[PDB]
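*Asks:* This one's experimental. Sequence and coordinates below.
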Amino acid sequence: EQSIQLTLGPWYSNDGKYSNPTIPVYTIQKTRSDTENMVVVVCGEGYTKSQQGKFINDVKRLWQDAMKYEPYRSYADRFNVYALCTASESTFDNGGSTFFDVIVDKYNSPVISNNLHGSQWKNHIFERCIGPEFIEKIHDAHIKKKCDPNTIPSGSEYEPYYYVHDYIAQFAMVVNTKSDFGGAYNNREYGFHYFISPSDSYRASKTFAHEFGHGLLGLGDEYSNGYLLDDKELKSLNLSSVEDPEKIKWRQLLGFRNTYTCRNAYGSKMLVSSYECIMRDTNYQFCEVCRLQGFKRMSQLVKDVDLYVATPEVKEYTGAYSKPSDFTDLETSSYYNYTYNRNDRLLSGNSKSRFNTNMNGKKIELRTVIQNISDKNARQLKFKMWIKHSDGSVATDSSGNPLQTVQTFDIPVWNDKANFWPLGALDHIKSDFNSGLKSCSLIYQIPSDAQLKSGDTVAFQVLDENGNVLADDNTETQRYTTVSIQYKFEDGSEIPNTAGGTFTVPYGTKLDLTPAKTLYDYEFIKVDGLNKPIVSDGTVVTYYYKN
Ligand SMILES: [Pr+3]
Ligand SMILES: [Zn+2]
């Protein structure tokens, strides 16, 4: 019943196959008003009308897998996700008429082909046709359409549609295929902000997360080549050509986790902050620079996130990799020697048990990086680190003083915030990487007379101004729990055109989001499952709406 209808003239459907399509809308996730969340619109390519159930399930699978990656995972409940069941005449594999005219070119790139049927504006379909109709009818802002997409505007062909990518944070097109490909089309000045990825390739979920990293998070392809000119250096969130560690944009992250600048290939002038990143090789996670930049980017699209605390680590402090000149060699051999050295020193996460009674007289370092998201409030965070016996008690020296140290760190305001992909931006041009950013290092000299026992480990906390624990020595390896969303009428019926998905949260999380007052035209009644610790996989939060 819930749908949008398009009018596709010859510029969008020159063969008449999709002149007046009805597109069923499915809500996969709507946790808050569209005006407070990042709205993601996903359409299917090469799914026939009888395959739309497969399409919906494919979107849920790809989306749920994407939300397992940081930094998306920290925002998982602040996305609203809609699946638009665009029906193709042919399956993709059969090779006939499809909704989006996607072809795979000789570089293995999936491209919307305007020339396939001579639909001269086919690759403008998201921001000129689908987007405006969705934002008028489905999106809570209900912005009325401004221009007829089948006519030529007066003046700019593009400006009337710029608003679309402020109300829809990302368009994704899932192709019904096992073929391994992926493409991201980011050029907001000319209306383009979508990506294309396959439903069933061997790495479908990894590709989706990678292309989403290009599209939403603004991250550059870490496999690309060349020396970045000054303007492109300023423009790039996660690539550099600056060889001098004292000058490179992400200098504050050097030596934190696997952040060690290196060439992305032998002899390359293109540098990455970590050789192991999903933006270079889809088998990896997002590196710390990409997590920081992506977290900052998404914070611009919601209103209630004001701090980023990267997962802290503890390392034996030997002096290795502690000053800029330790980072001057940019070869992969240096990157891996660095990561090996880190593992030899690690005392946190799954290396907590490497602590031992030979640690007396050694130094240990608690390290993380903190980004203030506020442009108004400076922050003061207190770090505490101590030696903990296996029974939970605090270890002492031989005079009974606790083996504990504390240090407060000042995090300056993000004064440069308006230069970093704010709402309405067509591109990112220049930002000060260090604005609002503070690398925090707390070094503790374990006394020579420490009364260490077998099974001791390093404990720590990062505390806000009120003593709330923002991260601790359990954060990195804590258990995550799956939460399922369901949309129901007051009589218990499942609401049509919903397909509530799952995401994960840390065990014990209390969800505290204000439900959207409407779902389609249905009025919100009540929700069951918010504000209570999530302690079981398959926990269901049920949003009840009026029939
Ligand atoms: Pr009614
Ligand atoms: Zn990266």
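*Replies:* Sure, I can see it. Residues are numbered from 1 along each chain as shown. Ligands and ions are numbered 1, 2, ... in the order given.

*Asks:* so who does residue 40 touch?
*Replies:* With contact set as C-beta atoms under 8 Å, 6 or more residues apart in numbering, residue 40 has these partners: 63, 79, 80, 81, 82, 168, 169, 170, 172. The way it works is simple: take the backbone N, C-alpha and C, and place the C-beta from them, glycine included.

*Asks:* and for the helix or strand harbouring the last one, what are the contacting residues?
*Replies:* Read it as residue 172. Per DSSP states H and E, residue 172 falls inside strand 170-175. Contacts of strand 170-175 with the rest of the structure, by C-beta under 8 Å, 6+ apart, involve 38, 40-46, 55, 58-59, 62, 92, 100, 102, 110, 126, 130-131, 181, 193-199, 208, 211-212, 215-216.

*Asks:* In ChimeraX, how would I select just the buried ones from those residues?
*Replies:* Provided next is the ChimeraX selection string for whichever of these are buried by 16 or more other C-beta atoms under 10 Å:
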select :38,40,41,42,43,44,45,46,55,58,59,62,92,100,102,110,126,130,131,181,193,194,195,196,197,198,199,208,211,212,215,216
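
*Asks:* distance of the residue in the chain sticking out farthest from the centre from residue 259?
*Replies:* What lies farthest from the middle of the chain is residue 399; by C-alpha atoms, centre = their mean that is 48.5 Å. Per C-beta to C-beta, to the nearest Å, residue 399 is found 39 Å from residue 259.

*Asks:* do the same with residue 133
*Replies:* Going from residue 133 to residue 259 by C-beta to C-beta gives 44 Å.

*Asks:* quick one, which of these two is more surrounded?
*Replies:* More crowded of residue 133 and residue 259, by other C-beta atoms under 10 Å: residue 259, with 26 against 20.

*Asks:* The more buried one reaches residue 249, doesn't it?
*Replies:* No - checked against C-beta atoms under 8 Å, the pair residue 259 and residue 249 is beyond contact range at 12.0 Å.

*Asks:* Which element, helix or strand, includes the nearest residue to residue 133 once chain neighbours are set aside?
*Replies:* Nearest non-adjacent residue to residue 133, counting by C-beta to C-beta, 6 or more residues apart in numbering: residue 4, 4.5 Å away. Under the criterion of DSSP H and E, residue 4 resides in strand 3-5.

*Asks:* which residues are contacting that strand?
*Replies:* Outside strand 3-5, the residues that touch it by C-beta under 8 Å, 6+ apart are 20, 21, 22, 23, 24, 25, 84, 130, 133, 134, 137, 138.

*Asks:* again, 10 Å this time
*Replies:* With contacts defined as C-beta atoms under 10 Å, 6 or more residues apart in numbering, strand 3-5 is touched by 20-26, 84-85, 129-130, 132-138, 497.

*Asks:* Counting only helices, which of the residues you listed make the cut?
*Replies:* Among the contacts of strand 3-5, the members found in helices (DSSP state H) are 132, 133, 134, 135, 136, 137.

*Asks:* What subset of those residues is buried?
*Replies:* With neighbours counted by 16+ other C-beta under 10 Å, the ones in helices among the contacts of strand 3-5 contain buried members at 132, 133, 134, 135, 136.

*Asks:* Just to check, the third one is in contact with residue 128?
*Replies:* No - counting by C-beta atoms under 10 Å, residue 128 is not a contact partner of residue 134; they are 11.9 Å apart.

*Asks:* what do these two both touch?
*Replies:* 6, 164.

*Asks:* rewinding a little: out of the ones in helices among the contacts of strand 3-5, which are close to ligand 2?
*Replies:* When contact is defined as C-beta under 5 Å from the ion, those do not meet ligand 2 at all.

*Asks:* Residue numbers of the chain in contact with ligand 2?
*Replies:* Proximity of the chain to ligand 2 is confined to 238, 277, 279, 287, 290 under the rule C-beta under 5 Å from the ion.

*Asks:* Name the nearest of the residues you listed relative to residue 301.
*Replies:* Taking C-beta to C-beta as the measure, residue 301 lies nearest residue 290 of the residues of the chain next to ligand 2, at 16.9 Å.

*Asks:* burial of the closest one, as a residue count?
*Replies:* Around residue 290 there are 28 residues (other C-beta under 10 Å).

*Asks:* got it, and residue 325?
*Replies:* Using other C-beta under 10 Å, residue 325 has 9 other residues around it.

*Asks:* dump the residue contacts of it.
*Replies:* Residue 325 neighbours (C-beta under 10 Å, 6+ apart): 245, 246.
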